[PDB]
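**Q** A single structure is presented below for examination.
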Number of protein chains: 4
Amino acid sequence: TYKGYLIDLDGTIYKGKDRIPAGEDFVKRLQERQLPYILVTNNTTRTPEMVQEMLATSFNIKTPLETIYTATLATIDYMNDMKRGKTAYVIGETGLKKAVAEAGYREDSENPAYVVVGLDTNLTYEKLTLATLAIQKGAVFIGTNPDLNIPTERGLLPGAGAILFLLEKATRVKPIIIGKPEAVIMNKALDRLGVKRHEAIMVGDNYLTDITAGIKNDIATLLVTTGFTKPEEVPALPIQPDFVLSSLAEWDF
Amino acid sequence: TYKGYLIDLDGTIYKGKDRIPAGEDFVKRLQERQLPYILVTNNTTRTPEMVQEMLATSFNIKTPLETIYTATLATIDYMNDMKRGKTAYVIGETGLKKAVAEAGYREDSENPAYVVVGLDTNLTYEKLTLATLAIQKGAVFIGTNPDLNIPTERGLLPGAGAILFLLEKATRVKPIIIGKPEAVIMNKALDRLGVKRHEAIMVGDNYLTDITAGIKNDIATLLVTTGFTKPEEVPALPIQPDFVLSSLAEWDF
Amino acid sequence: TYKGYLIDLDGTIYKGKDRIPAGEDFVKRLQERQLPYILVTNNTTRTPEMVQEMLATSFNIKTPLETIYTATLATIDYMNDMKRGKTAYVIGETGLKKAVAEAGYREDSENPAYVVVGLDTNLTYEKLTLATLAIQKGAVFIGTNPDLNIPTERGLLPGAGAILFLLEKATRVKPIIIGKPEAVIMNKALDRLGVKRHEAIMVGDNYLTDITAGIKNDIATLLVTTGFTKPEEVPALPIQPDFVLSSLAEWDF
Amino acid sequence: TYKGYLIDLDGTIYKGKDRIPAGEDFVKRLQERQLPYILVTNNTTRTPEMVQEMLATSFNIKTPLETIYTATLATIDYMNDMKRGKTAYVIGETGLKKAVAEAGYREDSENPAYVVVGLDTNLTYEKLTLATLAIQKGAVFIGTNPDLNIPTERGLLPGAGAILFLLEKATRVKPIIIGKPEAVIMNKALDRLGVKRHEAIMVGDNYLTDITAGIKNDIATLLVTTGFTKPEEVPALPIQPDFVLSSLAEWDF
């Protein structure tokens with residue numbers, strides 16, 4: 001019997017601008033059984049509030065603010081835990097840069113204690129240079145998420161992970177990456193879930209980001225053939241998830 | 001105030017055949033304060049009993065059997081957690097192969113549910129072939145530890161990580177690695193420690209295996225300039241440990 | 001107008017134990033026009049003589065011994081060119097070890113000037129250890145071919161490239177690799193061809209080993225959908241070969 | 001007896017704004033013996049003319065324009081050799097973009113036949129996106145040089161190779177890289193040199209870019225402890241160059 005649920009957002013409880021009624025129902029059912037759950041996303045542009053509002057406004061999902069855990073939150077928690085200088089140079093969208101500054105880390109492009117990098121659609125050589133120099137001086141190099149690509153209406157564009165690799169190559173230092181499928185975001189989400197590791201299960205549509213997040217961190221997994229990972233691709237997966245479903249509606253608590 | 005201690009064995013509380021009185025004293029002091037602690041090692045050849053006996057016989061350290069957590073134990077716990085077939089093909093020393101079989105996984109070189117690989121000083125092409133074929137058929141590919149080398153009286157020889165890479169290249173599947181600095185061994189050790197993540201601290205002499213284990217998994221770190229990582233090398237480290245000491249004797253609980 | 005032809009053996013002018021009449025005819029046609037050509041193979045087990053005999057006995061192809069250029073020959077030529085000690089430690093089949101010794105490099109497992117590695121179906125940890133130690137001491141690390149796998153009647157087994165990666169990881173030194181698609185074998189084959197680079201063309205069935213060999217080394221390419229690379233896979237290739245044919249019979253000199 | 005000389009520019013015959021009289025003399029001596037030589041640089045910002053003028057104006061070196069071979073020239077030669085569409089999307093300084101357009105490849109950011117990438121100190125996400133999309137559609141992905149860093153008065157900044165890796169990760173296609181130490185620039189430089197491979201020798205100050213260029217491509221090497229690779233670092237080199245000198249003045253033709 002699973003006591004807690006970790007759930008991916010986009011691709012699982014909705015897809016793009018389109019919704020997935022089974023997904024919305026899944027959350028409602030969880031709320032009805034009063035089963036704890038946390039929505040985990042690698043998105044670093046929208047704040048928890050924005051995410052909460054989007055869910056209620058566009059997908060009939062009304063969930064407490066505390067159930068929304070993003071890579072931005074995980075990154076700040078990690079920064080607070082490691083406790084090094086209260087300065088950071090951040091590469092990313094305005095939202096991420098704002099969240100970090102408001103969390104107490106003022107922007108310092110010269111000798112920051114931390115260099116945090118997420119997707120920045122306004123990336124410039126100068127920003128990369130600033131980060132490279134700071135990392136070389138000893139700043140703690142952190143990546144918000146490893147995704148090599150970001151799927152947009154325009155196509156498969158460069159993701160945070162691609163930018164991170166550029167910096168890794170230029171500085172020779174491997175960034176500590178927070179988001180799925182890495183350990184930190186999963187550990188913290190698990191912590192908020194308030195359940196023991198073997199009592200939780202990660203629910204998602206993306207094999208590489210969600211299911212691997214489970215397998216790699218010793219957490220049970222439920223893969224829904226909706227979203228990214230197509231149903232025909234499952235037989236070829238290197239490691240089968242613990243459960244595979246075509247719709248969350250098939251899940252029985 | 002740190003409430004629990006994760007501690008590396010070789011290089012920290014002793015070195016090679018030589019001992020480190022400060023290290024032995026560190027454990028004794030922990031025992032006196034009744035502070036929980038777990039000795040974590042990536043070694044897969046000696047059983048917990050063997051390790052316990054070695055400590056008492058050669059280094060005046062008498063510690064309960066439950067305080068000794070190895071990569072072998074972590075690997076078996078993981079195998080038990082994932083719960084797939086009770087079969088496995090194992091590459092490693094007789095000790096590792098025995099522990100896995102006795103844990104309930106009979107050797108099956110044809111269609112094992114798991115393929116477990118650790119250091120095997122008797123590695124042969126045939127064993128690699130057996131593992132490769134099994135992995136290709138869908139077996140869950142697990143590595144006991146990532147170390148690229150194993151330091152012996154003969155010199156820096158090929159470690160489990162080097163063998164793992166051969167297999168990764170041959171099968172195109174990345175192994176889930178259990179030992180330090182990866183998540184699973186640290187999560188389980190933390191679990192046995194019985195303390196919250198932010199209340200623990202990882203103590204070691206090796207920056208890459210012990211300190212990185214802390215940083216990567218959001219656990220405080222204490223680096224002792226004894227062992228592997230020389231004291232002159234510390235200024236150049238990409239991420240400074242939370243604490244650096246020349247001797248464990250300098251530590252004040 | 002192409003003046004010289006570099007041609008892959010297995011998969012192009014024959015496949016496995018099965019033959020390809022169009023392939024055999026291709027060579028015969030070349031001989032008739034008196035167009036220079038060199039057969040290039042990454043195989044390190046059969047000597048040029050063995051290869052020559054196999055061609056005549058099993059595939060009606062009678063070609064001069066000098067038209068057969070293997071990775072073994074290329075490797076020895078390279079060793080002779082670099083001119084370092086006349087000693088080498090070799091990992092591979094008896095044929096390769098013999099060819100190197102007969103080329104003037106006596107086996108020295110302690111301080112060889114060169115460490116040469118090709119596929120060895122009798123690979124052992126001891127041999128890997130011998131190679132690792134020798135490389136660490138400064139021996140020039142050479143790989144006969146990069147192939148990650150070797151297709152056998154038993155299936156896709158570990159190739160020379162997989163063994164090479166194990167050593168690369170264990171020693172931290174990248175091996176200089178001779179065979180296709182690397183530069184050395186192509187440069188030397190081109191040299192024996194007696195034609196200028198832009199006047200030659202590489203003919204093969206394997207995109208990764210033969211066509212990439214051309215593209216990477218600025219040599220025209222002719223891909224035959226026979227062998228390894230299936231015809232449906234061609235549209236997805238990252239770089240299209242200069243020419244694509246379903247049969248060599250379609251080629252017009 | 002060496003009949004031809006391939007020589008690195010910066011770090012060898014001068015360093016930064018500072019000059020190296022021994023270097024300048026080396027070229028003059030070559031000119032006196034009428035020994036053929038080609039100056040090879042991975043720099044893609046200055047045209048051959050600019051390079052020629054700089055040498056004469058700032059370092060008393062007057063050399064024919066044809067003796068200056070850059071990665072830009074090598075890249076264009078390669079593009080002309082492969083002969084695919086006369087369109088290309090280029091990421092780099094204005095100089096590189098201009099040279100490619102003037103070589104007959106008009107800028108097409110939608111469906112270019114080639115996507116060429118060199119260092120661009122004005123890199124933007126949009127340019128990376130344009131390149132990523134084009135590569136995905138089948139454009140031939142070319143990198144001017146592999147250098148992970150570019151040393152500037154500001155420090156060790158991101159080089160062309162770092163940008164190339166971002167793109168490789170985002171598209172999953174490995175770029176064919178032209179500059180040192182890869183094969184194409186060396187083959188073409190050798191061609192202009194007008195000598196046989198074993199009769200030439202690569203002279204440089206950088207082990208990774210110049211000496212490796214020799215070793216990897218079977219060309220003799222002369223390492224001058226001036227520039228990048230410090231003299232104390234030589235004993236630890238994985239492969240010793242054929243010759244090591246503290247000053248070019250020590251060289252005897």
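Within each chain, counting starts at residue 1; across the structure tokens, chains are named A, B, ... in the order shown, with ligands numbered 1 upward in that order.
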Could you list the residues in chain A lying within 9 Å of chain D, using only C-alpha atoms, and format the result as an MDAnalysis selection string?

**A** chainID A and resid 120:126 128:130 132:133 136 148:149 155:159 161:171

**Q** Skip residue 4 in chain D itself and residues of its chain fewer than 2 positions away, then list as a PyMOL selection string all residues within 8 Å of it, counting only C-alpha atoms.

**A** chain D and resi 2+6+35-37+193-195+199-201

**Q** Excluding same-chain residues fewer than 4 positions from range 18-29 of chain A, what lies within 6 Å of it counting only C-alpha atoms, as a list in words?

**A**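 Near neighbours after the sequence-gap exclusion: residues 13, 14, 248 and 249 of chain A.
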
**Q** Residues as selected, N, CA, C and O atoms, written as a compact mmCIF listing (two decimals), in the first residue's frame, can you do that?

**A**
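Contents of the output file part_9.txt:
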# COMPACT_ATOMS: atom_id res chain seq x y z
N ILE A 13 -0.72 15.30 -15.50
CA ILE A 13 -2.05 15.72 -15.10
C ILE A 13 -2.64 16.72 -16.09
O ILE A 13 -3.69 17.31 -15.86
N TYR A 14 -1.93 16.89 -17.20
CA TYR A 14 -2.33 17.76 -18.30
C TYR A 14 -1.19 17.72 -19.30
O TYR A 14 -0.10 17.24 -18.98
N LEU A 248 -4.34 7.33 -15.73
CA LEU A 248 -4.32 7.35 -14.27
C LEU A 248 -5.63 6.81 -13.72
O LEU A 248 -5.70 6.38 -12.57
N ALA A 249 -6.68 6.84 -14.54
CA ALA A 249 -7.97 6.34 -14.11
C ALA A 249 -7.88 4.85 -13.75
O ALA A 249 -8.67 4.35 -12.95

**Q** Name the residues in contact with residue 223 in chain C at a cut-off of 7 Å, using only C-alpha atoms, excluding same-chain residues fewer than 6 positions from it; report them as a ChimeraX atom specification.

**A** /C:203-205,211,241,243-245

**Q** What residues in range 171-225 of chain B get the DSSP label strand (DSSP E)? Please answer as a VMD selection string.

**A** chain B and resid 176 to 177 200 to 204 220 to 224

**Q** Give me a file of those residues, with N, CA, C and O atoms, as a PDB file, in the first residue's frame.

**A**
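Output below, filename again_19.pdb:
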ATOM      1  N   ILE B 176      22.839   1.509 -12.593  1.00  0.00           N
ATOM      2  CA  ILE B 176      22.439   2.267 -11.424  1.00  0.00           C
ATOM      3  C   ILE B 176      23.533   1.871 -10.407  1.00  0.00           C
ATOM      4  O   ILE B 176      23.711   0.695 -10.070  1.00  0.00           O
ATOM      5  N   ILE B 177      24.301   2.857  -9.968  1.00  0.00           N
ATOM      6  CA  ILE B 177      25.408   2.633  -9.042  1.00  0.00           C
ATOM      7  C   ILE B 177      25.018   2.941  -7.605  1.00  0.00           C
ATOM      8  O   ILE B 177      24.510   4.010  -7.311  1.00  0.00           O
ATOM      9  N   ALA B 200      22.906  15.118  10.096  1.00  0.00           N
ATOM     10  CA  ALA B 200      24.033  14.214   9.910  1.00  0.00           C
ATOM     11  C   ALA B 200      25.228  14.916   9.263  1.00  0.00           C
ATOM     12  O   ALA B 200      25.111  16.030   8.760  1.00  0.00           O
ATOM     13  N   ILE B 201      26.377  14.250   9.298  1.00  0.00           N
ATOM     14  CA  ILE B 201      27.578  14.758   8.673  1.00  0.00           C
ATOM     15  C   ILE B 201      28.410  13.560   8.216  1.00  0.00           C
ATOM     16  O   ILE B 201      28.525  12.562   8.931  1.00  0.00           O
ATOM     17  N   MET B 202      28.960  13.653   7.010  1.00  0.00           N
ATOM     18  CA  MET B 202      29.791  12.606   6.432  1.00  0.00           C
ATOM     19  C   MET B 202      31.256  12.967   6.705  1.00  0.00           C
ATOM     20  O   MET B 202      31.712  14.063   6.354  1.00  0.00           O
ATOM     21  N   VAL B 203      31.976  12.035   7.319  1.00  0.00           N
ATOM     22  CA  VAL B 203      33.374  12.209   7.671  1.00  0.00           C
ATOM     23  C   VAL B 203      34.255  11.287   6.841  1.00  0.00           C
ATOM     24  O   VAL B 203      34.058  10.074   6.845  1.00  0.00           O
ATOM     25  N   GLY B 204      35.231  11.860   6.142  1.00  0.00           N
ATOM     26  CA  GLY B 204      36.116  11.051   5.325  1.00  0.00           C
ATOM     27  C   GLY B 204      37.426  11.727   4.968  1.00  0.00           C
ATOM     28  O   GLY B 204      37.666  12.895   5.314  1.00  0.00           O
ATOM     29  N   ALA B 220      26.101  17.454   5.194  1.00  0.00           N
ATOM     30  CA  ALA B 220      27.275  18.180   5.661  1.00  0.00           C
ATOM     31  C   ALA B 220      28.522  17.295   5.550  1.00  0.00           C
ATOM     32  O   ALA B 220      28.439  16.064   5.601  1.00  0.00           O
ATOM     33  N   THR B 221      29.675  17.928   5.400  1.00  0.00           N
ATOM     34  CA  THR B 221      30.908  17.181   5.243  1.00  0.00           C
ATOM     35  C   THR B 221      32.083  17.649   6.084  1.00  0.00           C
ATOM     36  O   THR B 221      32.284  18.849   6.304  1.00  0.00           O
ATOM     37  N   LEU B 222      32.857  16.673   6.541  1.00  0.00           N
ATOM     38  CA  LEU B 222      34.055  16.913   7.332  1.00  0.00           C
ATOM     39  C   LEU B 222      35.169  16.156   6.613  1.00  0.00           C
ATOM     40  O   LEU B 222      35.153  14.927   6.550  1.00  0.00           O
ATOM     41  N   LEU B 223      36.115  16.900   6.054  1.00  0.00           N
ATOM     42  CA  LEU B 223      37.240  16.318   5.346  1.00  0.00           C
ATOM     43  C   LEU B 223      38.489  16.318   6.235  1.00  0.00           C
ATOM     44  O   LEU B 223      38.868  17.352   6.787  1.00  0.00           O
ATOM     45  N   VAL B 224      39.105  15.148   6.394  1.00  0.00           N
ATOM     46  CA  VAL B 224      40.329  15.023   7.191  1.00  0.00           C
ATOM     47  C   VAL B 224      41.475  14.855   6.198  1.00  0.00           C
ATOM     48  O   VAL B 224      41.474  13.905   5.409  1.00  0.00           O
TER      49      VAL B 224
END

**Q** So the first atom is CA of residue 103 in chain D and the second is CA of residue 62 in chain D; what is the distance between them in Å, to one decimal place?

**A**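 We find that CA of residue 103 in chain D and CA of residue 62 in chain D lie 26.1 Å from each other.
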
**Q** What's the 8 Å shell around residue 42 in chain C, counting only C-alpha atoms, without same-chain residues fewer than 2 positions away, as a ChimeraX atom specification?

**A** /C:40,44,70-72,144-145,179-180

**Q** Write out as a PyMOL selection string all residues of range 87-116 of chain B that DSSP puts in helix (DSSP H, G or I) for this structure's backbone.

**A** chain B and resi 94-102

**Q** Find the residue from C:197, C:97, C:192, C:230 that sits nearest to residue 68 in chain C; use only C-alpha atoms when measuring.

**A** C:192

**Q** How many Å lie between CA of residue 240 in chain A and CA of residue 30 in chain A, rounded to one decimal?

**A**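 If I compute the distance from CA of residue 240 in chain A to CA of residue 30 in chain A, I get 24.8 Å.
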
**Q** Could you work out how far CA of residue 78 in chain A lies from CA of residue 196 in chain B, giving the answer in Å with one decimal?

**A**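 Atom-to-atom, CA of residue 196 in chain B and CA of residue 78 in chain A are spaced 14.7 Å apart.
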
**Q** So that I can see what lies close to residue 17 in chain A, please list as a count of residues only the residues with an atom at most 10 Å from it, counting only C-alpha atoms and leaving out residues fewer than 6 positions away in the same chain.

**A** 3

**Q** Taking only C-alpha atoms into account, name the residue in B:102, B:87, B:74, B:109 that is nearest to residue 182 in chain B.

**A**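 Smallest distance to residue 182 in chain B is found for B:74.
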
**Q** Identify which of the residues C:210, C:110, C:232, C:191 lies closest to residue 137 in chain C, counting only C-alpha atoms when measuring atom-to-atom distances.

**A**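 Once distances to residue 137 in chain C are computed over only C-alpha atoms, the minimum belongs to C:110.
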